[PDB]
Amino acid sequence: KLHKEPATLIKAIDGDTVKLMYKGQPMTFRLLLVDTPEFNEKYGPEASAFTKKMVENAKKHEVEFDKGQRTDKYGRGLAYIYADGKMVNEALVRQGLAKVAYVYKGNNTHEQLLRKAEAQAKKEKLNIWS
C-alpha cells in the first residue's frame, strides 16, 4: 500500500505539473503515469484548465509517492496527487485529457486503475480520443 501525505497548493502550472508545498518546501510535482499535451498542442489548453480547476477548487491536497524514485532528473517530485480525495492523475485520464504514459517498473502501482480509466475515455470518444 501507498500512503497519502499532506501538501498545500502553491500554484497550478499545466496539465500534468503542479507546484505544492510538501514537508514545508515548495516543489514542482510531475504526475505519475500520465502525459498531458503541452499547452501549445491540441487539448493542452483544456488539460491545463482541468488540472487548474481541480486543484484550485479543492480545500485538501495530498501527495502519494510510489515505491521507486520520488524525484526525476529535473528535480520534480513524482507522485499521485489528490484533490479532496480524488486522484488528479486518474481524473485527467478518465476525461481523455491525458494518456497513460511513462510507465516505469517499480513506480507503477496505479497502472491498471489508470488504464481502466483510459479505456473508458476512449470508449466515450472523449477529447484526445474524439
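We number the residues from 1 along the sequence you see.
Participant: Got a sec? Mean C-alpha B-factor, which is higher, 45-53 or 94-102?
Facilitator: Between 94-102 and 45-53, it is 45-53.
Participant: Given the B-factors recorded for C-alpha atoms, which segment has the greater mean, 54-62 or 81-89?
Facilitator: So the stretch with the higher mean C-alpha B-factor is 54-62.
Participant: Is residue 17 in the lowest, middle or highest third of its chain when residues are ranked by C-alpha B-factor?
Facilitator: According to the entry, residue 17 has a C-alpha B-factor in the chain's lowest third.
Participant: Quick check for you: using the entry's CA B-factors within this chain, is residue 72 in the lowest, middle or highest third?
Facilitator: It falls in the middle third of the chain.
Participant: For residue 23, does the deposited CA B-factor place it in the lowest, middle or highest third of the chain?
Facilitator: As the PDB entry reports it, the C-alpha B-factor of residue 23 lands in the middle third of its chain.
Participant: Could you say whether, by C-alpha temperature factor, residue 121 belongs to the lowest, middle or highest third of its chain?
Facilitator: It belongs to the highest third of the chain when residues are ordered by C-alpha B-factor.
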